[PDB]
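What follows is one chain in structure tokens, specifically the form deposited in one PDB entry.
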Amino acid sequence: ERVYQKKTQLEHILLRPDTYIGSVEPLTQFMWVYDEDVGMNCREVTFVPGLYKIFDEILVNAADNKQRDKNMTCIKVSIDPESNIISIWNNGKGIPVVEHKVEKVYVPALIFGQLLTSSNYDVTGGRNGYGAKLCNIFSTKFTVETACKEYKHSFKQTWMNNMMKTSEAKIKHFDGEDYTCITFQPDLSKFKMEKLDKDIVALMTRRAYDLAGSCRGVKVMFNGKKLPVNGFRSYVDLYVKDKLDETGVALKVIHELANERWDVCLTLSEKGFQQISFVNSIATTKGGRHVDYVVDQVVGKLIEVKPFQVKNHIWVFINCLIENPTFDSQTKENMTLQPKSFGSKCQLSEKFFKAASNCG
């Protein structure tokens, strides 16, 4: 009665945040971040993993639209801590503003407003069709505007109090250029925070750079300002800038775009195996089977001393594209799909291995 209960999905996510967005409790560790005044750096940061995940969900959704429509050119990220607002703007193709014939609602409502809703069910980050709704549910306020020329209409609706309230949809006729814009005020009470502080903002800032880094052919703007990153190699520069090798010489980097789904720089490590890596624009900070795949080859080749001893002098950077990825966790820092399932190959030329001989 009171003992034996059944929860709604909504009620349940609220009852079991952990289970959906990750820990809603503080976690302190060394992380790569973009601080305002220093830029890219590795330091002890303290933040709530579940806060990072509602943001990264929305930012990855923009990234995915580029794989959906390659005519997409730009993403604007804006973070206003004092007002507690975050907004993510992309162009290319919007979301059809049309009544969905089966579910009898406008498609943007359906996919931002109801659970288990995705265009990716039947090489995005998106797959499970929670994500947007999770952000919505962990926001005091959550606004969707989208406009799709092909369907001749623009859409705008606002949800409130963790997706429990909602304005009706504002629907107008539209012939402009497509955009989707997601604006949310996360619910800081659920993460036990006053404000978005230096630590979460520097992490969030790092994801916009990551996206410049990860997402081919898309300008990224942070707070109205273009990010000077064009190419994976220039993103990697952010990290290797004023790194020293053993002889007080700055690090050589080796680049090879192996094909459109594998993009790889390599260099020396002087504090053991490290890795920066992305699958479908998602920062796999713990790593994955995609990292293992690649490293294998390299260790494999280099040797021509056990493998593991060489892993300790490598710093690998991978931007890759994988069909239907899986992960250890809800914050996805490690990616668990098998190589025989990735849907593409990484084959690195001799040139790369030979260039690679010639740093430490």
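Under this definition, the rigid core comprises the largest set of C-alpha atoms superposing within 1.5 Å between the forms. Start at 1 with the first residue shown and count on from there.
Here the subject shifts to the form solved in complex with a small molecule, a form of this protein not shown in this document.
Next on the checklist: Looking at 223-231, 97-105, 276-284, 76-84, which stretch has residues with any non-hydrogen atom within 4.5 Å of the small molecule in the entry with it bound?
Outcome noted: Only one stretch qualifies here: 276-284.
Checklist entry - Using 4.5 Å between non-hydrogen atoms, is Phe55 touching the small molecule in the entry with it bound? => result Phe55: no contact with the small molecule in the entry with it bound.
Item to check | 4.5 angstroms heavy atom contact with the small molecule in the entry with it bound for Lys190 | outcome: No - in the entry with it bound, heavy atoms of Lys190 and the small molecule never come within 4.5 Å of each other.
Checklist entry - Taking 4.5 angstroms as the cut-off for heavy atoms, does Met31 touch the small molecule in the entry with it bound? => result Looking in the entry with it bound, residue contacts with the small molecule include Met31, since a heavy atom lies within 4.5 Å.
Item to check | Distance check, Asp263 to the small molecule in the entry with it bound, heavy atom within 4.5 Å | outcome: Flag for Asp263 set to no.
Checklist entry - Out of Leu203, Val218, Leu268, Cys148, which one falls within 4.5 Å of the small molecule in the entry with it bound, going by heavy atoms? => result It is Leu203 that has a heavy atom within 4.5 Å of the partner.
Next on the checklist: Under a 4.5 angstroms heavy atom criterion, identify the one residue in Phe184, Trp159, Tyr235, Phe155 near the small molecule in the entry with it bound.
Outcome noted: None of the others qualify; the residue that does is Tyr235.
Checklist entry - Just one of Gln297, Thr46, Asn41, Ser329 has a CA that shifts 2 Å or more between the shown form and the other one on a core fit; which is it? => result Going through each option, the one that shifts is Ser329.
Checklist entry - Your call: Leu116 and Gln330 CA atoms, closer or farther in the entry with it bound versus the shown structure, by 3 Å or more? => result Residues converge in the entry with it bound, at least 3 Å closer.
Checklist entry - Once you compare with this form, do the C-alpha atoms of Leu116 and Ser329 lie closer or farther in the entry with it bound, given a change of 3 Å or more? => result Compared with this form, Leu116 and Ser329 lie closer in the entry with it bound.
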